[PDB]
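*Asks:* Next up is a structure, given as structure tokens.
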Amino acid sequence: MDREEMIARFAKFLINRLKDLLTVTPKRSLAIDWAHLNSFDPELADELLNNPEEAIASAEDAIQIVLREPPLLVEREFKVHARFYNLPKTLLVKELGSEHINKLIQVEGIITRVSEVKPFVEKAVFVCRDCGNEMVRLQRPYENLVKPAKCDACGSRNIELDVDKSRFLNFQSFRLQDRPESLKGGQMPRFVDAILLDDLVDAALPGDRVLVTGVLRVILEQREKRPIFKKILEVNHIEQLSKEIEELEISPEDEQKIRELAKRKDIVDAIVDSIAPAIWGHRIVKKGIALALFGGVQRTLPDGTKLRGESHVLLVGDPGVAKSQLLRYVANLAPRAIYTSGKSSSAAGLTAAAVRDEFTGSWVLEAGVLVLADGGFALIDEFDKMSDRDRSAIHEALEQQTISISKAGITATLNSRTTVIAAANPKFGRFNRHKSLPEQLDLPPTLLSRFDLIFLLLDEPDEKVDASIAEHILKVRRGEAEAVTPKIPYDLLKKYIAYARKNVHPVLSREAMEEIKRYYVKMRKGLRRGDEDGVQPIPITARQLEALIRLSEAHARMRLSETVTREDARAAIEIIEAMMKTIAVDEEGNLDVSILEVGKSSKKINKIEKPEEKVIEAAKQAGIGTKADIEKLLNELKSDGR
Amino acid sequence: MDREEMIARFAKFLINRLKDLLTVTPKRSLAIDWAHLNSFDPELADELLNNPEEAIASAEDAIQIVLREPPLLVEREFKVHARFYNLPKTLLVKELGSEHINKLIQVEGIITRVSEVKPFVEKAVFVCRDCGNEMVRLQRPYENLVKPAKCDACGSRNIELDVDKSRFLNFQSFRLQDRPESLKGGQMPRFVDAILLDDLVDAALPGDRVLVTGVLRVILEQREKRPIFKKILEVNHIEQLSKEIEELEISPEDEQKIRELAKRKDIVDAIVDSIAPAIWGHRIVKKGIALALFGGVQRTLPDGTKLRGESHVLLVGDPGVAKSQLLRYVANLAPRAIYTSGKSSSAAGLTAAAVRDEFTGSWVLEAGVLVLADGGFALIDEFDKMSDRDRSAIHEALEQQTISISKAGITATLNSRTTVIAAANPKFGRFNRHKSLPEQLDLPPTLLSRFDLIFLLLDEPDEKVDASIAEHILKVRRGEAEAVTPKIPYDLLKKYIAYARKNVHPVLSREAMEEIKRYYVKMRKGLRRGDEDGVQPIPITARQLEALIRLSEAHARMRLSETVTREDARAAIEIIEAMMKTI
Ligand SMILES: Nc1ncnc2c1ncn2[C@@H]1O[C@H](COP(=O)(O)OP(=O)(O)O)[C@@H](O)[C@H]1O
Ligand SMILES: Nc1ncnc2c1ncn2[C@@H]1O[C@H](COP(=O)(O)OP(=O)(O)O)[C@@H](O)[C@H]1O
Ligand SMILES: [Mg+2]
């Protein structure tokens with residue numbers, strides 16, 4: 001409708017926006033604002049949403065005249081795509097339906113899958129020797145194979161493709177899903193597959209918050225029915241979502257009561273009691289999860305490296321200790337949390353992997369729970385039952401917070417900046433106190449060196465602790481008030497965590513620096529003298545020193561304090577000392593578990609032990625171990641071939 | 001268009017290049033300069049980028065007349081290829097898009113895969129059993145064998161292949177990637193598949209930075225999948241990258257600043273402090289890494305050998321000593337250094353591998369970090385974790401700087417001129433001083449001799465160094481600048497290594513040769529008798545002194561000195577004597 005008139009209307013609104021483009025020649029696009037066009041010509045901006053097919057084409061040719069007419073006109077009239085980044089309304093992937101088809105929409109979400117840089121032909125010239133050479137059957141990259149039945153010029157059927165005169169363009173297809181931060185309330189990860197064109201290809205990675213704004217197109221992929229079978233959003237402009245929309249927002253009236261709650265006494269005790277009030281006990285585990293929620297400060301050094309600011313927690317224990325429930329109450333309490341299980345229900349269930357799509361068979365990089373939850377939390381239940389592919393990449397995603405996959409024709413790196421509050425189960429049914437943790441845990445020994453807090457939620461029969469948990473469960477089932485309700489409401493506490501992780505950034509103080517120093521040197525020489533003439537036990541490692549500073553800064557952020565008070569660094573010591581008992585202390589002495597084992601004894605005996613009817617007796621009178629211990633030693637040696 | 005006019009245009013410009021053609025009679029491809037054609041006719045030269053199919057066809061056909069009509073002509077119309085070794089814009093691999101298909105492009109980069117010689121057909125004359133065998137079809141090397149449905153002469157379908165009259169020509173396919181050293185900031189390992197014709201077959205090997213100038217084709221037609229979405233690149237001329245473009249830039253003002261840093265005092269200690277300022281301690285270890293950065297000179301002796309200048313260093317330490325950190329700060333600081341781990345998911349994470357390609361199932365030789373970083377450094381953490389093929393292949397890459405791989409029909413000999421900065425981890429938990437290193441390290445004993453320096457890092461529970469490293473670690477996290485500001489800027493010190501290795505070439509002096517001959521005989525002959533006869537322990541030795549010559553010349557190159565003075569040799573003793581101290 002009035003295409004020639006729209007060109008004059010677009011040229012009228014077109015000039016400071018085209019003025020800078022007139023200066024920068026290599027810029028192959030033009031970012032146009034809809035609200036700006038709405039102010040100049042509201043009727044013209046209304047035609048953008050109504051008929052986007054005739055509006056984008058007429059605007060491109062119009063601004064071309066606004067380009068050649070003034071000075072600094074480029075020699076070659078490069079394609080000027082009209083990119084309308086802003087729109088009056090912002091839609092949702094769940095809210096998106098068949099009504100917005102062929103309408104200029106602006107849907108927000110997160111990209112989960114993405115294809116390679118697949119070239120596609122724009123002007124499909126078919127080579128017909130008989131006649132009809134330069135004829136073009138304009139095909140879209142998502143559309144199926146186009147082929148004419150007969151040449152209209154000469155009636156010949158010798159049809160073939162002329163890829164020598166064909167002008168090929170770039171094309172990429174991604175999958176836009178609901179954001180797990182706020183749109184997860186619907187509990188439906190709906191997806192709308194979209195396409196990307198020149199200056200849009202390779203503009204966003206999977207697991208990233210983007211605000212795409214394009215035309216909702218359709219494709220008749222199936223011939224079983226005349227109506228469309230699948231809709232594909234033809235993205236006109238892509239843009240990453242702003243910080244305010246992709247993060248939790250707090251009302252100004254709540255900003256006062258959040259600061260008021262920080263000034264309230266025993267704020268640390270109130271938050272601990274407010275985390276999972278149904279489960280009894282585990283106050284050390286509750287405070288450890290609280291320190292993981294109020295994660296430490298994440299700083300970047302000018303040398304290029306970036307200091308870690310997350311505290312991963314692992315909950316190992318026997319079945320029946322409500323270790324899976326603890327991953328539920330925090331799943332809804334945390335601002336950005338993706339509750340999932342260790343089971344590899346998908347190819348990219350835990351870590352992002354590459355899988356061939358069902359549409360064209362091309363490998364697409366699908367994100368995982370450790371990618372969609374970037375800058376948030378990911379509570380992984382049953383962490384001991386994982387696939388071999390996921391077990392190999394979590395070693396890098398937990399420390400470096402990056403997932404570099406370079407297989408299946410997809411090479412890139414993601415940002416796995418997530419706090420993995422996981423919970424694993426022992427492979428022997430119940431955890432034994434006479435064996436180390438990796439001995440009964442399916443996780444690799446190197447993987448345990450990544451978690452800053454590893455609590456042992458063991459089951460121990462005691463008349464005092466069992467009578468309290470028995471009466472507590474009865475109060476929960478009876479509907480008691482103070483047995484289920486938290487001291488701080490979940491709605492306010494969810495904003496309290498987001499307020500601390502965004503505004504309050506504590507810094508180390510001289511008082512806390514002396515406490516962190518005195519604690520680290522105190523653990524040294526704790527058990528090294530014990531295993532002399534061999535591998536001396538290292539009670540604490542510099543890795544754990546960085547974890548101690550993260551927990552000390554975590555307690556200061558939980559109190560909404562801009563500095564690490566000496567009392568805050570002391571609180572992290574108690575939590576570390578409590579975990580010491582669980583592992584690396586109060587068990588096979590210090591250094592227990594460590595990277596693999598204490599070594600104080602096991603490793604020590606390994607070097608002494610290092611047609612075999614003579615070697616079994618030789619180990620007998622040697623006195624290195626009893627006949628039962630030296631028996632089990634060679635079973636593990638035969639496991640590795642020794 | 002105007003193909004007849006283009007032939008007259010090319011023949012008009014067609015001078016000195018043809019003068020070279022008469023000199024070398026077997027010249028199947030004559031090289032033509034672009035600036036000579038651009039100055040002759042910019043409109044004619046512009047037609048080469050728009051449609052090179054008709055441009056290169058009319059260019060060779062026009063000079064074919066110049067091959068016959070002028071005197072000294074060839075007896076027949078000898079096939080000549082219009083080779084072009086220059087273009088106005090040199091594009092990049094990541095910058096190359098689908099908008100350059102069917103256009104003459106000039107893209108630079110490195111090669112990682114190279115196939116063998118495949119005698120594919122150029123024009124397959126399909127013989128029909130009944131009649132009509134006269135028909136032909138221009139078979140392409142990148143495309144598979146095509147098959148027409150029926151014959152036009154008699155309409156018969158009894159078609160068969162005729163390998164007698166078919167002209168089979170040489171064909172090779174290679175994979176050209178981005179630069180791993182120059183474009184490390186781009187972080188894009190993208191590649192474009194390319195084919196090599198008769199003149200360019202076996203031209204380069206994987207790990208060779210070349211500057212190809214060809215036409216971006218397209219393989220959109222595929223029998224397996226019609227929406228193949230694949231674009232290939234036919235190359236017209238290949239040429240290795242020049243040092244002006246394939247290395248870091250050093251301006252004359254910058255070269256002055258680098259010379260000014262040499263006039264600055266105590267840079268022999270400031271360089272050690274600047275390398276990885278976040279991690280505390282390791283004065284001798286950090287100085288050893290600096291000693292490896294300014295590697296020794298490489299001189300080809302008249303006897304056929306060459307003095308190795310790649311001073312390999314190994315950092316065997318315990319977990320928690322931040323060894324990996326040291327491999328990170330130096331990787332970005334070094335001019336040519338790519339970070340990689342021991343375990344790798346690719347085909348060749350190391351020197352070389354052999355596996356059939358995914359396109360046609362042909363065996364292609366793959367490349368790794370020890371060849372992509374030739375002329376530089378390669379830092380590999382988890383060096384102890386490596387496959388059986390890795391352990392045997394590196395020994396030739398480290399010591400002899402060569403990669404001899406002839407399996408799977410890929411006859412090739414790569415040159416791995418790399419200075420490796422490795423860091424192994426003993427399998428028996430924490431490293432125990434009581435038992436030796438080879439008992440705790442899976443590395444072969446001869447591999448340890450390849451590393452000139454071996455630092456035994458450790459984390460001792462000494463409250464003295466603990467309180468010092470705890471106060472230092474707190475300073476790094478607190479944001480203190482002193483902990484994260486090097487004595488020499490990272491960008492300035494990166495140019496300091498390139499200017500030192502390229503220009504400064506220290507030569508042996510009497511003062512250094514006497515100290516290197518004194519310190520050798522007071523220690524080698526001192527413990528030569530060894531103990532209890534049998535296999536006597538060998539401290540310093542010929543190979544040790546060799547490495548020791550690298551250590552003395554590295555100190556002179558570190559301070560931008562052409563003469564290795566005795567104190568530069570004395571500084572070499574302080575580092576090598578610590579090696580027997582720590583080990
Ligand atoms: N401290 C506790 N307070 C209340 N219930 C508990 C507590 N510890 C364990 N339980 C009980 O354990 C049962 C199973 O919990 P669950 O989360 O399935 O543990 P797991 O998954 O390890 O088996 C629940 O019915 C819960 O009531
Ligand atoms: N001299 C030092 N200065 C600062 N940090 C150190 C030092 N030595 C060890 N560290 C600690 O070691 C940790 C990194 O060690 P890492 O390289 O991961 O060892 P590994 O490779 O065996 O796992 C860092 O968190 C750092 O705090
Ligand atoms: Mg490491």
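Just remember, in the structure tokens the first chain shown is A, the second B, etc., residues are 1-based per chain, and ligands are 1-based in the order shown.
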Please find the residues contacting ligand 2 at a distance of at most 8 Å between atoms, with only C-alpha atoms and all ligand atoms counted, and report them as number ranges by chain.

*Replies:* A: 541-546; B: 278-282, 317-326, 381-382, 425, 459, 469-470, 472-473, 476

*Asks:* Could those selected residues go to a file with N, CA and C atoms, as a PDB file, in the first residue's frame?

*Replies:*
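Result saved to result.pdb:
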```
ATOM      1  N   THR A 541      45.744 -26.306  51.827  1.00  0.00           N
ATOM      2  CA  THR A 541      46.335 -25.930  50.554  1.00  0.00           C
ATOM      3  C   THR A 541      45.947 -24.493  50.221  1.00  0.00           C
ATOM      4  N   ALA A 542      46.807 -23.817  49.454  1.00  0.00           N
ATOM      5  CA  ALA A 542      46.531 -22.444  49.044  1.00  0.00           C
ATOM      6  C   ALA A 542      45.227 -22.320  48.268  1.00  0.00           C
ATOM      7  N   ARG A 543      44.736 -23.424  47.722  1.00  0.00           N
ATOM      8  CA  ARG A 543      43.451 -23.392  47.047  1.00  0.00           C
ATOM      9  C   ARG A 543      42.390 -23.077  48.084  1.00  0.00           C
ATOM     10  N   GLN A 544      42.422 -23.791  49.206  1.00  0.00           N
ATOM     11  CA  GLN A 544      41.464 -23.546  50.276  1.00  0.00           C
ATOM     12  C   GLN A 544      41.620 -22.159  50.882  1.00  0.00           C
ATOM     13  N   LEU A 545      42.813 -21.567  50.793  1.00  0.00           N
ATOM     14  CA  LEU A 545      43.000 -20.205  51.284  1.00  0.00           C
ATOM     15  C   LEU A 545      42.149 -19.220  50.493  1.00  0.00           C
ATOM     16  N   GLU A 546      42.097 -19.384  49.169  1.00  0.00           N
ATOM     17  CA  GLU A 546      41.225 -18.544  48.355  1.00  0.00           C
ATOM     18  C   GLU A 546      39.760 -18.794  48.684  1.00  0.00           C
TER      19      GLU A 546
ATOM     20  N   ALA B 278      51.381 -11.573  40.250  1.00  0.00           N
ATOM     21  CA  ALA B 278      50.366 -11.991  41.211  1.00  0.00           C
ATOM     22  C   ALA B 278      50.889 -13.094  42.123  1.00  0.00           C
ATOM     23  N   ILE B 279      51.498 -14.129  41.542  1.00  0.00           N
ATOM     24  CA  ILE B 279      52.036 -15.222  42.341  1.00  0.00           C
ATOM     25  C   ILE B 279      53.307 -14.763  43.044  1.00  0.00           C
ATOM     26  N   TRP B 280      53.430 -15.116  44.321  1.00  0.00           N
ATOM     27  CA  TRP B 280      54.560 -14.712  45.144  1.00  0.00           C
ATOM     28  C   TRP B 280      55.678 -15.743  45.050  1.00  0.00           C
ATOM     29  N   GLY B 281      56.917 -15.272  45.179  1.00  0.00           N
ATOM     30  CA  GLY B 281      58.056 -16.162  45.238  1.00  0.00           C
ATOM     31  C   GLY B 281      58.482 -16.667  43.872  1.00  0.00           C
ATOM     32  N   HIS B 282      59.139 -17.830  43.892  1.00  0.00           N
ATOM     33  CA  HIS B 282      59.648 -18.477  42.681  1.00  0.00           C
ATOM     34  C   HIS B 282      60.596 -17.556  41.917  1.00  0.00           C
ATOM     35  N   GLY B 317      55.588 -29.636  39.986  1.00  0.00           N
ATOM     36  CA  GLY B 317      55.205 -29.119  41.282  1.00  0.00           C
ATOM     37  C   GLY B 317      54.009 -29.851  41.847  1.00  0.00           C
ATOM     38  N   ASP B 318      53.670 -29.491  43.080  1.00  0.00           N
ATOM     39  CA  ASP B 318      52.550 -30.092  43.782  1.00  0.00           C
ATOM     40  C   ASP B 318      51.269 -29.308  43.517  1.00  0.00           C
ATOM     41  N   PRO B 319      50.100 -29.954  43.667  1.00  0.00           N
ATOM     42  CA  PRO B 319      48.893 -29.141  43.478  1.00  0.00           C
ATOM     43  C   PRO B 319      48.832 -27.961  44.438  1.00  0.00           C
ATOM     44  N   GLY B 320      48.298 -26.831  43.986  1.00  0.00           N
ATOM     45  CA  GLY B 320      48.156 -25.672  44.854  1.00  0.00           C
ATOM     46  C   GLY B 320      49.344 -24.730  44.876  1.00  0.00           C
ATOM     47  N   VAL B 321      50.305 -24.939  43.983  1.00  0.00           N
ATOM     48  CA  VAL B 321      51.465 -24.054  43.908  1.00  0.00           C
ATOM     49  C   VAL B 321      51.257 -23.016  42.807  1.00  0.00           C
ATOM     50  N   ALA B 322      50.046 -22.958  42.263  1.00  0.00           N
ATOM     51  CA  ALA B 322      49.736 -21.986  41.212  1.00  0.00           C
ATOM     52  C   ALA B 322      50.666 -22.122  40.011  1.00  0.00           C
ATOM     53  N   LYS B 323      51.058 -23.349  39.691  1.00  0.00           N
ATOM     54  CA  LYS B 323      51.905 -23.575  38.529  1.00  0.00           C
ATOM     55  C   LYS B 323      51.151 -23.164  37.281  1.00  0.00           C
ATOM     56  N   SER B 324      49.868 -23.506  37.225  1.00  0.00           N
ATOM     57  CA  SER B 324      49.055 -23.178  36.062  1.00  0.00           C
ATOM     58  C   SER B 324      49.031 -21.676  35.854  1.00  0.00           C
ATOM     59  N   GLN B 325      48.908 -20.928  36.945  1.00  0.00           N
ATOM     60  CA  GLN B 325      48.915 -19.476  36.848  1.00  0.00           C
ATOM     61  C   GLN B 325      50.150 -19.012  36.099  1.00  0.00           C
ATOM     62  N   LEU B 326      51.311 -19.527  36.490  1.00  0.00           N
ATOM     63  CA  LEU B 326      52.546 -19.166  35.802  1.00  0.00           C
ATOM     64  C   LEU B 326      52.455 -19.441  34.307  1.00  0.00           C
ATOM     65  N   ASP B 381      49.992 -27.254  30.232  1.00  0.00           N
ATOM     66  CA  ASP B 381      49.747 -27.758  31.572  1.00  0.00           C
ATOM     67  C   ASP B 381      49.217 -29.189  31.502  1.00  0.00           C
ATOM     68  N   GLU B 382      49.279 -29.881  32.641  1.00  0.00           N
ATOM     69  CA  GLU B 382      49.008 -31.320  32.707  1.00  0.00           C
ATOM     70  C   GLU B 382      49.861 -32.078  31.691  1.00  0.00           C
ATOM     71  N   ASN B 425      52.966 -33.036  36.881  1.00  0.00           N
ATOM     72  CA  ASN B 425      52.501 -33.277  38.239  1.00  0.00           C
ATOM     73  C   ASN B 425      52.802 -34.726  38.602  1.00  0.00           C
ATOM     74  N   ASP B 459      54.758 -26.890  47.998  1.00  0.00           N
ATOM     75  CA  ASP B 459      54.020 -26.069  48.954  1.00  0.00           C
ATOM     76  C   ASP B 459      54.340 -26.577  50.362  1.00  0.00           C
ATOM     77  N   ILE B 469      53.062 -15.585  51.875  1.00  0.00           N
ATOM     78  CA  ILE B 469      52.218 -15.842  50.714  1.00  0.00           C
ATOM     79  C   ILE B 469      50.747 -15.599  51.041  1.00  0.00           C
ATOM     80  N   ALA B 470      50.356 -15.724  52.313  1.00  0.00           N
ATOM     81  CA  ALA B 470      48.985 -15.399  52.690  1.00  0.00           C
ATOM     82  C   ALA B 470      48.751 -13.896  52.647  1.00  0.00           C
ATOM     83  N   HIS B 472      50.409 -11.958  50.679  1.00  0.00           N
ATOM     84  CA  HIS B 472      50.468 -11.621  49.262  1.00  0.00           C
ATOM     85  C   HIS B 472      49.170 -11.987  48.553  1.00  0.00           C
ATOM     86  N   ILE B 473      48.622 -13.169  48.844  1.00  0.00           N
ATOM     87  CA  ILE B 473      47.363 -13.581  48.230  1.00  0.00           C
ATOM     88  C   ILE B 473      46.241 -12.625  48.620  1.00  0.00           C
ATOM     89  N   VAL B 476      46.436  -9.491  46.473  1.00  0.00           N
ATOM     90  CA  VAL B 476      45.943  -9.673  45.109  1.00  0.00           C
ATOM     91  C   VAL B 476      44.422  -9.590  45.077  1.00  0.00           C
TER      92      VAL B 476
END
```

*Asks:* Once you count only C-alpha atoms, which residues of chain A turn out to be within 8 Å of chain B? Could you give them as a PyMOL selection string?

*Replies:* chain A and resi 118-120+145+163-165+167-170+299+301-303+307+360+406-407+411-412+507-508+513+516-518+520-522+524-525+528+533-536+538+541-543+545-546+549+595-596+599+603

*Asks:* Which of range 241-438 of chain B counts as strand (DSSP E or B) under DSSP, as a ChimeraX atom specification please?

*Replies:* /B:300,306,313-316,337-341,352-356,363-367,376-381,402-405,412-415,418-423

*Asks:* Give me, as number ranges by chain, the set of residues whose atoms come within 10 Å of any atom of ligand 1, counting only C-alpha atoms and all ligand atoms.

*Replies:* A: 276-283, 315-328, 381-382, 423-425, 457-459, 465-466, 468-477

*Asks:* Considering only C-alpha atoms, return as a list in words whatever protein or nucleic-acid residues lie within 6 Å of residue 403 in chain B, sequence-local ones (same chain, fewer than 6 positions apart) excluded.

*Replies:* residues 397, 413, 414 and 415 of chain B

*Asks:* Please produce an output containing N, CA and C atoms for each residue in the selection, written as a PDB file, in the first residue's frame.

*Replies:*
```
ATOM      1  N   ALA B 397      59.921 -33.706  18.686  1.00  0.00           N
ATOM      2  CA  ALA B 397      59.557 -32.302  18.522  1.00  0.00           C
ATOM      3  C   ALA B 397      60.339 -31.408  19.478  1.00  0.00           C
ATOM      4  N   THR B 413      57.485 -34.284   6.850  1.00  0.00           N
ATOM      5  CA  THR B 413      58.432 -34.102   7.953  1.00  0.00           C
ATOM      6  C   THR B 413      58.298 -32.671   8.475  1.00  0.00           C
ATOM      7  N   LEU B 414      57.446 -32.494   9.481  1.00  0.00           N
ATOM      8  CA  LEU B 414      57.236 -31.176  10.060  1.00  0.00           C
ATOM      9  C   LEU B 414      58.411 -30.781  10.947  1.00  0.00           C
ATOM     10  N   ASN B 415      58.648 -29.476  11.040  1.00  0.00           N
ATOM     11  CA  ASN B 415      59.718 -28.915  11.859  1.00  0.00           C
ATOM     12  C   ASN B 415      59.085 -28.206  13.052  1.00  0.00           C
TER      13      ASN B 415
END
```

*Asks:* Would you kindly return, as a PyMOL selection string, each protein, DNA or RNA residue with an atom no farther than 6 Å from any atom of residue 311 in chain B, considering only C-alpha atoms and excluding same-chain residues fewer than 5 positions away?

*Replies:* chain B and resi 292+295+419+452

*Asks:* Compile the contact shell of residue 605 in chain A as a ChimeraX atom specification: residues with an atom at most 8 Å away, counting only C-alpha atoms, same-chain residues fewer than 4 positions apart removed.

*Replies:* /A:601,609,624

*Asks:* Write out as a PyMOL selection string all residues of range 63-119 of chain B that backbone DSSP assigns to helix (DSSP H, G or I).

*Replies:* chain B and resi 63-68+98-100

*Asks:* Could you take the residues named above and write them with C-alpha atoms, as a compact mmCIF listing (two decimals), in the first residue's frame?

*Replies:*
```txt
# COMPACT_ATOMS: atom_id res chain seq x y z
CA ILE B 63 48.62 -14.31 -23.16
CA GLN B 64 48.40 -17.61 -25.06
CA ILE B 65 48.29 -15.46 -28.20
CA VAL B 66 51.28 -13.56 -26.82
CA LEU B 67 52.87 -17.00 -26.38
CA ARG B 68 52.43 -17.82 -30.08
CA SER B 98 29.61 -15.98 2.23
CA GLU B 99 29.41 -12.59 0.47
CA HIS B 100 32.79 -13.26 -1.19
```

*Asks:* Near residue 581 in chain A, within 12 Å and counting only C-alpha atoms, which residues show up once chain neighbours fewer than 2 positions away are dropped, as a list in words?

*Replies:*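 Neighbouring residues, sequence-local ones excluded: residues 284, 433, 436, 437, 453, 454, 455, 456, 574, 575, 576, 577, 578, 579, 583, 584, 585, 586, 587, 588, 589, 590, 591, 592 and 593 of chain A.
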
*Asks:* Could you save the residues just selected, with N, CA, C and O atoms, as a tab-separated table (two decimals), in the first residue's frame?

*Replies:*
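Result file is selection.tsv:
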```
chain	number	residue	atom	x	y	z
A	284	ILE	N	24.91	-25.87	60.34
A	284	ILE	CA	26.17	-25.66	59.65
A	284	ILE	C	25.97	-25.75	58.14
A	284	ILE	O	26.53	-24.97	57.37
A	433	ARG	N	32.36	-44.06	58.04
A	433	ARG	CA	33.28	-43.14	58.71
A	433	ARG	C	34.71	-43.66	58.75
A	433	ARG	O	35.62	-42.90	59.11
A	436	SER	N	37.74	-42.75	53.44
A	436	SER	CA	37.76	-41.37	52.98
A	436	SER	C	36.58	-41.09	52.06
A	436	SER	O	35.83	-42.00	51.67
A	437	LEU	N	36.40	-39.81	51.71
A	437	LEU	CA	35.21	-39.43	50.94
A	437	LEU	C	35.29	-39.88	49.49
A	437	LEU	O	34.33	-40.51	49.01
A	453	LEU	N	32.87	-25.87	49.91
A	453	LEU	CA	32.21	-26.39	51.10
A	453	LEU	C	31.64	-27.77	50.78
A	453	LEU	O	30.85	-27.91	49.85
A	454	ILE	N	32.04	-28.77	51.56
A	454	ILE	CA	31.57	-30.14	51.40
A	454	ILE	C	31.10	-30.61	52.77
A	454	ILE	O	31.91	-30.98	53.62
A	455	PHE	N	29.79	-30.59	52.98
A	455	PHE	CA	29.19	-31.01	54.25
A	455	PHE	C	28.76	-32.46	54.16
A	455	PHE	O	28.28	-32.92	53.12
A	456	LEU	N	28.93	-33.19	55.26
A	456	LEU	CA	28.56	-34.60	55.35
A	456	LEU	C	27.25	-34.71	56.12
A	456	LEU	O	27.25	-34.68	57.36
A	574	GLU	N	34.88	-20.71	61.43
A	574	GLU	CA	34.07	-21.73	62.09
A	574	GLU	C	33.43	-22.67	61.07
A	574	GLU	O	33.36	-23.89	61.28
A	575	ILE	N	32.96	-22.12	59.95
A	575	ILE	CA	32.37	-22.95	58.90
A	575	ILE	C	33.43	-23.82	58.25
A	575	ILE	O	33.19	-25.00	57.96
A	576	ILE	N	34.62	-23.26	58.02
A	576	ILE	CA	35.72	-24.05	57.46
A	576	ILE	C	36.14	-25.14	58.44
A	576	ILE	O	36.32	-26.30	58.07
A	577	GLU	N	36.30	-24.77	59.72
A	577	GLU	CA	36.68	-25.75	60.73
A	577	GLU	C	35.61	-26.83	60.88
A	577	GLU	O	35.94	-28.00	61.14
A	578	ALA	N	34.34	-26.46	60.72
A	578	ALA	CA	33.28	-27.46	60.76
A	578	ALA	C	33.39	-28.42	59.58
A	578	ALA	O	33.20	-29.63	59.74
A	579	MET	N	33.69	-27.90	58.39
A	579	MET	CA	33.89	-28.76	57.23
A	579	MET	C	35.17	-29.58	57.37
A	579	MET	O	35.27	-30.69	56.83
A	583	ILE	N	35.79	-33.39	56.27
A	583	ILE	CA	36.86	-33.87	55.40
A	583	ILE	C	38.18	-33.14	55.65
A	583	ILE	O	38.18	-31.95	55.97
A	584	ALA	N	39.30	-33.85	55.50
A	584	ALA	CA	40.62	-33.25	55.70
A	584	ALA	C	40.95	-32.97	57.16
A	584	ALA	O	42.00	-32.42	57.46
A	585	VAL	N	40.06	-33.36	58.07
A	585	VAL	CA	40.30	-33.18	59.50
A	585	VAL	C	39.32	-34.06	60.28
A	585	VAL	O	38.26	-34.41	59.76
A	586	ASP	N	39.68	-34.43	61.50
A	586	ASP	CA	38.81	-35.29	62.30
A	586	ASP	C	38.52	-36.55	61.51
A	586	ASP	O	37.44	-37.14	61.65
A	587	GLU	N	39.46	-36.96	60.67
A	587	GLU	CA	39.28	-38.14	59.84
A	587	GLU	C	40.60	-38.42	59.17
A	587	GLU	O	41.04	-37.64	58.33
A	588	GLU	N	41.24	-39.53	59.53
A	588	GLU	CA	42.55	-39.83	58.98
A	588	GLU	C	43.47	-38.64	59.18
A	588	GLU	O	44.30	-38.33	58.33
A	589	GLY	N	43.31	-37.95	60.31
A	589	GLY	CA	44.11	-36.77	60.58
A	589	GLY	C	43.77	-35.64	59.62
A	589	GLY	O	42.70	-35.63	59.02
A	590	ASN	N	44.69	-34.69	59.47
A	590	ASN	CA	44.47	-33.59	58.54
A	590	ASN	C	44.82	-34.02	57.13
A	590	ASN	O	45.20	-35.17	56.91
A	591	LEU	N	44.69	-33.11	56.17
A	591	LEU	CA	45.04	-33.42	54.79
A	591	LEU	C	44.23	-34.59	54.23
A	591	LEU	O	44.47	-35.03	53.10
A	592	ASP	N	43.28	-35.09	55.01
A	592	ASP	CA	42.47	-36.22	54.55
A	592	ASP	C	41.74	-35.84	53.28
A	592	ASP	O	41.35	-34.69	53.11
A	593	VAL	N	41.55	-36.82	52.39
A	593	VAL	CA	40.86	-36.56	51.13
A	593	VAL	C	41.70	-35.65	50.24
A	593	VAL	O	42.20	-36.07	49.21
```

*Asks:* May I ask for the distance between CA of residue 310 in chain A and CA of residue 271 in chain A, given in Å to one decimal place?

*Replies:*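 One can read the CA of residue 310 in chain A to CA of residue 271 in chain A distance as 18.9 Å.
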